[PDB]
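K.L.:
Below you'll find the structure I mean.
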Amino acid sequence: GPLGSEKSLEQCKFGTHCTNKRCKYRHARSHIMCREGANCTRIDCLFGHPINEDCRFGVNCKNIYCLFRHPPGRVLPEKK
Ligand SMILES: [Zn+2]
Ligand SMILES: [Zn+2]
Ligand SMILES: [Zn+2]
């Protein structure tokens, strides 16, 4: 069905911190990281979807739904 001004399937950089409500890209507003990741076709997703960028924390980062890429051998917590 119909959609607003956010029809770009790429993501914004600032996630939860993006300040514009009409902004053109997908935004991670929720703590859920997406099942389809960057191959996801959903404009309606509030979930974490990746961006081609290097994270500010790398191996020190513990954000499950983070916007930027992380190095090999990095660990993240789970409850499973
Ligand atoms: Zn934005
Ligand atoms: Zn998605
Ligand atoms: Zn990160």
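Values quoted throughout were computed directly from the atomic coordinates according to the rules given, and no laboratory measurement underlies them.
K.L.:
Using the Karplus curve 6.51 cos²θ - 1.76 cosθ + 1.60 with θ = phi - 60°, work out ³J(HN,Hα) for each residue of the range 32-41 in order, rounded to whole Hz, and write x for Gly and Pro.
P.N.:
These are the phi-based 3J(HN,Hα) values: 7, 8, 6, 5, 8, x, 7, 8, 3, 9 Hz.
K.L.:
Would you mind checking which residues have amide H under 5 Å from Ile32's amide H? H placed 1.01 Å from N; only 5 or more apart, or other chain.
P.N.:
When sequence neighbours closer than 5 places are left aside, the close amide H contacts are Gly48.
K.L.:
A further question follows. Using 0.36 nm per residue of separation minus the Cα-Cα distance, give me the extension gain between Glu53 and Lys13 in nm, one decimal.
P.N.:
Separation in residues times 0.36 nm, less the Cα-Cα distance, equals 13.5 nm.
K.L.:
In addition: Please express the shape of the chain as an equivalent ellipsoid: the semi-axes are the square roots of 5 times the eigenvalues of the C-alpha gyration tensor, given largest first in whole angstrom.
P.N.:
24, 13, 11
K.L.:
Across the chain, how many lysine pairs, 8 or more apart or on two chains, come within less than 22 Å at their alpha-carbon atoms?
P.N.:
Going through the chain pair by pair, I get 7.
K.L.:
If you don't mind, there's one more thing I want to ask. May I ask you to evaluate 6.51 cos²θ - 1.76 cosθ + 1.60, the Karplus curve with θ = phi - 60°, for each residue of the range 43-56 and list the ³J(HN,Hα) values in order in whole Hz, giving x for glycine and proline?
P.N.:
Computed from phi, the couplings for the range 43-56 are 5, 6, 6, 8, 7, x, 10, x, 9, 6, 8, 8, 4, 5 Hz.
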